[PDB]
Amino acid sequence: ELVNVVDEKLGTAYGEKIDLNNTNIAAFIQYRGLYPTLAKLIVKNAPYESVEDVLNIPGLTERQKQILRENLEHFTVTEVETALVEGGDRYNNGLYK
Amino acid sequence: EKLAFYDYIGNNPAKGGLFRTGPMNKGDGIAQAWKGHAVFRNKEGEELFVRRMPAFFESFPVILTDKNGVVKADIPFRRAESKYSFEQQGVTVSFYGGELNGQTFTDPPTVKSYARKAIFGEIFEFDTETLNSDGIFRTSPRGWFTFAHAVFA
Amino acid sequence: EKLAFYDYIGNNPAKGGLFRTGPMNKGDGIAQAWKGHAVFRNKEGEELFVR
Amino acid sequence: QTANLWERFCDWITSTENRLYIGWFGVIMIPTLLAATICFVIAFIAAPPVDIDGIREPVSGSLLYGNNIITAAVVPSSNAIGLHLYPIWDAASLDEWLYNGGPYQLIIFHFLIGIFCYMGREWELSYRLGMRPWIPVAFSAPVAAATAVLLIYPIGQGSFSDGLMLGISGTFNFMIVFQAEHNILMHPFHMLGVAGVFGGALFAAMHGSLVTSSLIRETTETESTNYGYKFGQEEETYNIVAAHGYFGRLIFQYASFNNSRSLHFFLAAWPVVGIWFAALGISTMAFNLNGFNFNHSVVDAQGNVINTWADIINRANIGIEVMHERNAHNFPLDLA
Amino acid sequence: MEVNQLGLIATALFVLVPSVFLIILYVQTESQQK
Amino acid sequence: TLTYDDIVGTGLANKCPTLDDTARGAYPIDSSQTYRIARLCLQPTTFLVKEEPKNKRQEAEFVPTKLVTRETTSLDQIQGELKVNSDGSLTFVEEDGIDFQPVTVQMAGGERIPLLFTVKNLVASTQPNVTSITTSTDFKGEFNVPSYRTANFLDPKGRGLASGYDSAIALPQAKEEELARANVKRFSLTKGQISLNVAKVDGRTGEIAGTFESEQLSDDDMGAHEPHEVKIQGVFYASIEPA
Amino acid sequence: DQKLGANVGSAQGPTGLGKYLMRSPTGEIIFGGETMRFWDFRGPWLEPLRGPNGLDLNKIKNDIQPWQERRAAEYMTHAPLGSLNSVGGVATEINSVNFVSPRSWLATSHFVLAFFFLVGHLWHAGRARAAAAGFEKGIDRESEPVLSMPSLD
Amino acid sequence: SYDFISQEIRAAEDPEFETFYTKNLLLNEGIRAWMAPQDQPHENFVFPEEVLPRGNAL
Amino acid sequence: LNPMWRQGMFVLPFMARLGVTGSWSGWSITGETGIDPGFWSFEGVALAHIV
Amino acid sequence: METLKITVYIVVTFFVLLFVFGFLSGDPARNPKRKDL
Amino acid sequence: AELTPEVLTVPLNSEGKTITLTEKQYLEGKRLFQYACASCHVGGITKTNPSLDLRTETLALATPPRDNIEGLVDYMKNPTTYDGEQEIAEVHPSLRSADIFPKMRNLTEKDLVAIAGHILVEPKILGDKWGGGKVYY
Amino acid sequence: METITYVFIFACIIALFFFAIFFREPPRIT
Ligand code: CLA
Ligand code: CLA
Ligand code: CLA
Ligand code: CLA
Ligand code: HEC
Ligand SMILES: CCCCCCCCCCCCO[C@@H]1O[C@H](CO)[C@@H](O[C@H]2O[C@H](CO)[C@@H](O)[C@H](O)[C@H]2O)[C@H](O)[C@H]1O
Ligand SMILES: CCCCCCCS[C@@H]1O[C@H](CO)[C@@H](O)[C@H](O)[C@H]1O
Ligand SMILES: CCCCCCCS[C@@H]1O[C@H](CO)[C@@H](O)[C@H](O)[C@H]1O
Ligand SMILES: CCCCCCCS[C@@H]1O[C@H](CO)[C@@H](O)[C@H](O)[C@H]1O
Ligand SMILES: CCCCCCCS[C@@H]1O[C@H](CO)[C@@H](O)[C@H](O)[C@H]1O
Ligand SMILES: CCCCCCCS[C@@H]1O[C@H](CO)[C@@H](O)[C@H](O)[C@H]1O
Ligand SMILES: CCCCCCCS[C@@H]1O[C@H](CO)[C@@H](O)[C@H](O)[C@H]1O
Ligand code: OEX
Ligand SMILES: [Cl-]
Ligand SMILES: [Cl-]
């Protein structure tokens, strides 16, 4: 049958946390120290098999790795959804204020 | 059943259109049976109430509040910043009385479908085939009488 | 398919009605495809022909 | 002789005996209005959908493509064209020209030339007839208004895709978007426009009723009173002193016209000036000098906004703004 | 388009009945002695 | 060299660079060096759409179409890694660029076929043992064809995937199952195939040009109808650089 | 968005056209969105990014200077939109910014003036013709031209 | 005179069908959703941001 | 399988009989695509009769 | 398209020339009163 | 409702020290904010980057914290990205870049304190309408 | 059938224009 895949995602951890594989980059403003520098690196280096794989992004500084560890509790990963990552939508999803 | 049917906006005479002609049955259909009273709950088990459509509105959003009027769920338009979706809030619907008495639905599209009917009040099953009904509300003879006699006056 | 379609009585102009109005497609339908040639046989295997 | 044959032509062109006056303005008016009318009729009936907003989202305007009289329109040329002139011969094919809204440009440019020449033609025949010359000054008011919505507003906004759409529902779309983007209801020139058309209708009914009220008895009880006037009779057909005696008592004496020339000048001037201002409203909101903005103008002692009816208007304007051309904006401000 | 099936007869009679009324009155005026 | 004001409005901006008839050389490949395509340009000259016949037994044909969206069709400023593989073949891995164009073409009779002409995420490889790129070199590869509209796009009744209504709000009490395909938007992701036939090589400058043929599906209107098969033919230009 | 990591050349917008960059009808690379209509614009802060094919993606990726970012932000936020009481911004803007562009003041005033001067031309041109011919005060009752013309029918 | 039923049947089934009539209904839906909470205060409307109909960006 | 005579066409065969076989929209009654009929397409014939 | 363009240019030029030479042909004298204009 | 000293009392630093603004201070801050900032920050939003607003809760999660007078005054001298990693005076008005943002050229320490106090007081009056955008108009 | 109806009414109106202008009751001075 036909299903809206975005509504379906809202029932996964994507609807509860920042999904490192799908969520638009503005969501990283919700927590201290993640935007824009780490947020860019995270979206650029996605997808991730598990949240803690975010710690392995090449070139991270030692403080950045600590900042990421403080925020892993706010991250999740789900399977990449084409509708959320095409169109450059992770960088600008057409929503402002 | 007759009491539940009065508590349904498809019988409200201020829901019609000047050129939507004929019987009310031509719009929502020939009513067959009450489905029963839908009780919506979130995943914590709190009962939620669908905000009903006022007669002024041809269309209306789907918003669910607790008994104190605090918004607890809705059907979002933009999804990217949704906080209250039925999927996030685990909204379910259970029916008491009527055809669906004793049944509970958890599939979000199905729960949302019933929530869309609940903005109209009590939920009915309709025969939409016999008259090839188009799903658009019409007024009753109360409405047509009033119109003709105010205009003629 | 065009040759088989001519060998079909729904295209015969002497099969109509004075008040059966409109295109031929309104009667038997809009032709889509030839089903193929039907060969009928009995249990002995003799080929039989529909009158 | 060339000079004689040419003078015979000039005499026929300017002849006061043609059933419809031609004239030199008519030499331009007739071909341009015919081209615009023929293209409009064909397009209104049969044109395929047009990508008005340049986002490959074609809007169906014609009857044959699923419209009725109320919803059909000839759709403006594409936003991708902007203000570029898009004649048929610049298209790779008629198919391309139709997709991109070519018919709209052909129609509106021939129409505008045609109505400007119609206006000059009103001057011209009045000159041939020995009349006074200012009937085209009255007609300049509707001409100015048509020019505002078909030419000036798209120039100011940079695209014929924002000009008046040539249909009944298309007109309402233009009006509603305009209200969100300029708050035209709060612009004093539109207010003057409304006074012009409300007042013009009022004064038409007033003048019509006062003359009708004082017709001199010239007919029997059977026949229409219209037979009491004969075309070209020398005497006036109503008692203007009776009419003035009624109206001066209805309000007060000095509020009423007893001079028929003053009265009829006023009847001309009120709607004409009102529509001049209406047209100037559109033509200056074309450059985004917009209606009054009293959004959050009233503030309490602490600094809370106390809403006024202006703020309720603003909420409706926002609802229009966020919904219109729902796939066309990628960035947060609608700057044209 | 799925239009109302009575729209055609409604429009036809809306045009025809009053137009015919006027044509009747006009022609019988013309035929009166002048 | 032409400037913008030499070019503007002529249609030349939608045309890929060309090479002279003298460009029949060979660009040497050093298997120890890394390479990139600094610029890849793809200029369609023909759009063909495969007919969808009723019999479904006869072989459907690709037929000509009429472009209605003007000189807006070319892909350009595309770049990516040009890998040298163990067998001497080359593999181009597309990474960035103006690598899509919406295009609408019209069939005989008027049916409009929108498509997302694209080589997004192209990976295309030559034959083995390309010690030099020559006019005998060919590239063959596959690319992604995402939905022609992206997830925010709203239909004329305001329905969409990542935004919009989820029902036909103008028919409030209609039965919904019959409208499911129009109400529930779906985001297509399919594969396309492309071949690049190198016809010219400037061995000195690292520039190549030739013809291409690509095959891909057209717009399915976010799941509302079946897409059509499209064949795109045109010319290409590419500039190769050590990296 | 490019600073955040977007590949602005390959970013497909909701319609299928580029969200940031697209082609004009003759192929030049231009800014996307509704500003596709304004691709004839030229200004000194933008031309360094333009090449023979239009906007140059390499220059966009590598060569935008801070003074260009400054100028674009300044000009975006001083767009010539504003109310008659000089509230800057779109018509839905709240009060705060006291701004109407000089370009809007000068364009509107001179359209108003040019329009009435065309009306004055018509007025005085028609009157000058009628006065030169000797009927600017009205029709001579004893010599009315139309009375000497054949009827039209 | 709110709707044309034939237009709504076609548009509901055909997401490529668009007229100025359907365009104006979208504007109406915007007016209703964005003006009703302040214009009808006795209703105590609370429309969370996510349910408000709106196009891209704006 | 759906020629003009299955579709109730009455004047179309008379245009075709004398050589008008293509539409301005690009099709021909023998099933061709991308043909240019010139002015004397079915539509041009109709227009000429109206004028 | 090129033939259409030339045709329209000629047509436009023709009517515009009629207008200009027409109004140059002693138009002030084409009135019912003083014709010595 | 009234603009009281309590409403005008705002955090001076992250350590919990407060300052009570005068009514004259707040009004000066409002005027200077219109003069130098409202073209982009009208109503508490940010027109050229809507992802970052002027809500107190947003300022509290910036690095270094910007939800206090000293944080906001420091920002107006030497602005950074939201994570503090990058100095952005070349594209954001500040005392450090008053050469290219001339409306900053005459601002005193007192002026910056006033602007900072306006930014902290305004959500105490307007609530979620500050930084809310058109949804809250 | 609805397009035919709309175009038919329009065509009748244009015909009426023609008769109203060229076959009017001639205005006559008496
Ligand atoms: C007091 C008058 C009146 C009222 C209130 C009703 C009420 C009703 N009728 Mg009944 N009916 C009536 C008189 C009335 N009828 C008359 C006189 C007849 C004989 C024709 C009928 C024959 C009839 C039938 C056959 C049917 C009904 C049906 C119905 C029901 C559906 C109504 C509907 O769709 O209308 C629709 C209303 C409109 C579309 C409005 C029309 C507006 C007009 C066209 C405006 C005209 C404007 C004018 C031209 C302007 C002039 C301008 C000029 C001055 C310048 C409703 C209970 C239906 C039903 O369900 O039966 C079981 C049904 O099938 N009625
Ligand atoms: C020689 C004339 C002629 C012929 C052979 C055709 C043939 C055709 N027409 Mg065309 N048509 C014609 C003229 C003709 N038409 C005219 C003049 C018009 C304008 C009205 C049309 C408008 C038209 C339309 C709109 C359509 C057709 C269609 C068709 C096709 C189906 C025909 C059908 O169903 O008929 C049915 C015929 C009858 C039911 C017979 C009627 C007999 C009358 C009523 C008897 C009257 C008796 C009289 C009152 C008694 C008097 C007694 C007194 C003397 C005492 C067929 C190919 C259809 C088609 O398929 O198009 C693609 C279609 O939709 N035609
Ligand atoms: C009065 C006659 C007249 C006029 C003024 C126009 C005007 C126009 N036509 Mg139309 N046309 C006409 C009759 C006319 N048409 C007729 C009879 C037909 C059927 C054959 C057409 C068929 C037609 C088509 C199919 C198209 C046009 C188009 C156009 C537009 C572009 C024309 C152009 O590029 O000229 C070329 C420019 C010149 C030839 C230079 C001008 C020559 C004069 C001598 C110079 C002076 C001009 C200057 C403004 C001074 C004016 C002086 C003033 C006192 C009169 C323009 C609005 C196109 C369109 O609408 O695009 C959207 C288009 O596609 N026309
Ligand atoms: C070309 C004419 C023109 C233009 C474009 C401007 C533009 C400007 N003026 Mg200047 N000014 C002008 C002439 C002009 N002015 C004249 C003639 C005077 C002497 C009165 C002034 C004296 C003046 C002062 C003292 C000030 C300005 C200011 C300004 C700025 C704010 C404008 C404002 O708020 O208007 C408000 C808009 C109105 C009052 C609307 C007037 C609408 C009129 C009445 C419509 C008239 C229509 C037409 C002319 C009459 C037709 C009648 C019909 C029957 C024929 C703006 C840049 C202000 C500024 O910011 O300076 C730094 C300021 O303080 N102007
Ligand atoms: C546009 C040209 C602006 C003007 C004028 C002012 N600001 Fe701004 N501001 C602007 C942007 C694009 C940003 C985000 C920058 C980034 O990349 O991080 C900001 C940010 C701020 C902040 C931080 C907000 C936060 O949530 O952390 C503050 C406190 C701020 N701006 C204040 C401010 C003041 C006081 C201004 C006038 C003196 C001012 N800004 C002007 C854009 C623009
Ligand atoms: C900015 C571009 C400038 C380009 C150069 C413009 C040059 C203009 C030259 C104007 C030449 C005028 O040419 C003019 O034409 C017509 C031709 O019958 C004449 O007009 C004549 O018409 C009829 C006779 O047929 C007489 O009733 C009328 O009184 C008489 O004037 C003028 O007497 C002649 O002088
Ligand atoms: C299998 C496809 C899954 C969906 C992937 C969507 C984003 S793929 C996208 O492709 C672009 C080049 O076209 C690059 O610019 C960008 O870095 C990359 O993320
Ligand atoms: C996908 C369908 C979910 C099943 C229950 C839907 C809500 S109830 C449903 O509502 C319809 C009108 O919308 C009526 O026609 C129908 O009789 C009724 O069963
Ligand atoms: C005399 C007026 C002629 C009007 C010509 C209309 C365009 S021609 C028209 O175009 C349609 C869509 O492309 C085709 O389906 C149809 O077969 C064709 O006749
Ligand atoms: C009334 C509109 C006239 C439009 C004229 C278009 C001419 S089109 C012209 O017509 C010829 C007809 O035989 C063709 O042979 C020729 O190839 C074609 O280009
Ligand atoms: C009353 C004005 C209507 C004019 C219509 C003229 C169509 S003209 C027609 O156009 C076709 C476009 O593909 C060409 O195939 C053909 O060669 C050309 O003659
Ligand atoms: C030197 C002792 C450390 C504490 C006093 C100096 C830092 S104080 C500090 O000032 C910052 C802006 O500069 C703000 O981010 C912060 O909220 C404020 O508390
Ligand atoms: O196009 Mn028609 O509308 Ca004048 O704003 Mn911008 O652009 Mn579109 O949006 Mn809003
Ligand atoms: Cl719109
Ligand atoms: Cl935009």
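Order of listing sets the numbers, starting from 1, for every ligand and every atom in it. Excluded from the calculations below are hydrogen atoms, water molecules and symmetry mates; all remaining heavy atoms, backbone and side chain alike, are included. Below, chain A is the first sequence line, B the second, and so on; all start at residue 1.
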Relative to the heavy atoms of D/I28, which atoms of ligand 3 are at a distance of less than 4.0 Å?
1 (C)
Nearest protein heavy atom with distance in Å, relative to atom 42 (C) of ligand 1
B/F19 CE2, 4.8 Å
Less than 4.0 Å from atom 25 (C) of ligand 1, is there any heavy atom belonging to the protein?
no
Distance from atom 58 (C) of ligand 1 to nearest protein heavy atom, with residue and atom
B/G22 CA, 4.4 Å
Do me a favour and list the nearest non-hydrogen protein atom to atom 48 (C) of ligand 4 with residue, atom name and distance?
G/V112 CG1, 4.1 Å
Between D/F40 and D/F44, what is the ring plane arrangement, given parallel below 30°, perpendicular above 60°, and tilted in between?
tilted
Step through it carefully: locate the ring centre of D/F160, locate the ring centre of D/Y104, and say whether they are under 6.0 Å apart.
no
At under 4.0 Å between heavy atoms, is it the side chain or the backbone of B/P23 that contacts ligand 1, or both, or neither?
both
Among protein heavy atoms, which lies nearest atom 65 (N) of ligand 3, and at what distance?
D/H110 NE2, 3.2 Å
Under-4.0 Å heavy-atom contact between protein and atom 11 (N) of ligand 1
no
Are any of the heavy atoms in D/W89 under 4.0 Å away from ligand 3?
yes
If you have a sec, work out which protein heavy atom is nearest atom 7 (C) of ligand 1 and how many Å separate them, to one decimal?
B/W144 CB, 3.8 Å
Heavy-atom distances under 4.0 Å are what count here, so tell me which part of D/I88 touches ligand 3: side chain, backbone, both or neither.
both
Parallel, tilted or perpendicular, as decided by the 30° and 60° cut-offs, for the rings of B/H149 and B/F145
parallel
Under 4.0 angstrom from atom 35 (O) of ligand 4, is there any protein heavy atom?
yes
Which of the atoms of ligand 1 are close to B/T21, meaning less than 4.0 Å from one of its heavy atoms?
34 (O), 36 (C), 39 (C)
Does the protein come close to atom 1 (C) of ligand 1 - that is, does one of its heavy atoms sit below 4.0 Å from that atom?
yes
Which protein heavy atom lies closest to atom 40 (C) of ligand 4, and at what distance to 0.1 Å?
G/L84 CD1, 4.7 Å
Taking heavy atoms and a distance under 4.0 Å, where does B/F145 meet ligand 1: side chain, backbone, both or neither?
backbone
Pick one of side chain, backbone, both or neither for how D/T32 approaches ligand 3, counting any non-hydrogen atom pair under 4.0 Å.
side chain
Please check whether B/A148 reaches ligand 1 - meaning an N/O of the residue sits under 3.5 Å from an N/O of the ligand, judged on distance alone.
no
Shortest protein contact, atom 38 (C) of ligand 1 (heavy atom only)
B/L18 O, 3.6 Å
Heavy atom of the protein closest to atom 51 (C) of ligand 3 (residue, atom name, distance)
J/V16 CG1, 4.9 Å
Just let me know how D/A35 lines up against ligand 3, side chain, backbone, both or neither, with a heavy-atom cut-off below 4.0 Å.
neither
For ligand 3, which atoms sit closer than 4.0 Å to a heavy atom of D/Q105?
62 (C)
Side chain, backbone, both or neither: which part of B/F147 has a heavy atom under 4.0 Å from ligand 1?
neither
Look at atom 55 (C) of ligand 4 and say whether a protein heavy atom is found at less than 4.0 angstrom from it.
yes
Ligand 4 versus G/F116, non-hydrogen atoms closer than 4.0 Å: side chain, backbone, both, neither?
side chain
